[PDB]
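> Let me see the structure of the following:
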Amino acid sequence: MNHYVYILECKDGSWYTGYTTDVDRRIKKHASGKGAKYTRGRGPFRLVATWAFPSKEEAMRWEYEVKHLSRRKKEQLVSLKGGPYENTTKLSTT
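Numbers count the residues shown, from 1 in each chain. Please see the structure below:
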């Protein structure tokens, strides 16, 4: 199965942790791509980062541990990878 841990920054500033596991999203994108463009989204879910694990236990333990750790370590987790520079959204850079 496909284990993707997504962390979304909510309207409040709290990071929403949860890993998804459905093949449907993958095939859906390919099916939709036939006569469609990449552009799709609005908010208010801000994607900070995405962690993909081919391993069952790693996906379960990662989720479980981010649920385990406090805010301070939750911040540190993003400080390891997820930094504003890694967002590469736009800001003002051409």
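> Near residue 50, how many residues? Count them for me, please.
Counted with other Cβ atoms under 10 Å, the neighbours of residue 50 add up to 13. Bear in mind the C-beta positions are built from the backbone N, C-alpha and C, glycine included.
> for it, helix, strand, or coil?
Of the three states, residue 50 takes strand according to DSSP: H, G, I helix; E, B strand; the rest coil.
> For it, give its distance to residue 33.
Distance from residue 50 to residue 33, counting by Cβ to Cβ, to the nearest Å: 19 Å.
> and what of residue 11?
The gap separating residue 11 from residue 33 is 30 Å, by Cβ to Cβ.
> Kindly report the same for residue 45.
Residue 45 sits 21 Å away from residue 33, taking Cβ to Cβ as the criterion.
> So these two - more neighbours on which side?
Shown here are residue 45 and residue 33; by other Cβ under 10 Å, residue 45 has more neighbours (14 against 10).
> so who does that one touch?
Residue 45 is in contact with 8, 9, 10, 16, counting by Cβ atoms under 8 Å, 6 or more residues apart in numbering.
> Leaving out the residues flanking it, which one is nearest to residue 47?
residue 8 (6.0 Å; Cβ to Cβ, 6 or more residues apart in numbering).
> Need the residues that contact the helix or strand hosting that neighbour.
Using DSSP states H and E, residue 8 falls within strand 3-9. By Cβ under 8 Å, 6+ apart, the residues outside strand 3-9 that reach it are 15-21, 45-56, 58-59, 62-63, 66, 78, 82.
> how about the helices in this structure?
Along the chain, counting by DSSP state H, helices occupy 23-33, 56-68, 71-80, 84-87.
> Save those helices as TSV, and put in distance to residue 39 too.
Formatted as TSV, those follow (distance: least, Cβ to Cβ, whole Å):
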stretch	distance to residue 39
helix 23-33	12
helix 56-68	29
helix 71-80	26
helix 84-87	17
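> ChimeraX command to pick out the buried ones of the contacts of strand 3-9?
Burial among the contacts of strand 3-9 is assessed by 16 or more other Cβ atoms under 10 Å; the matching ChimeraX selection reads:
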select :15,17,19,48,49,51,53,59,62,63,66,78,82
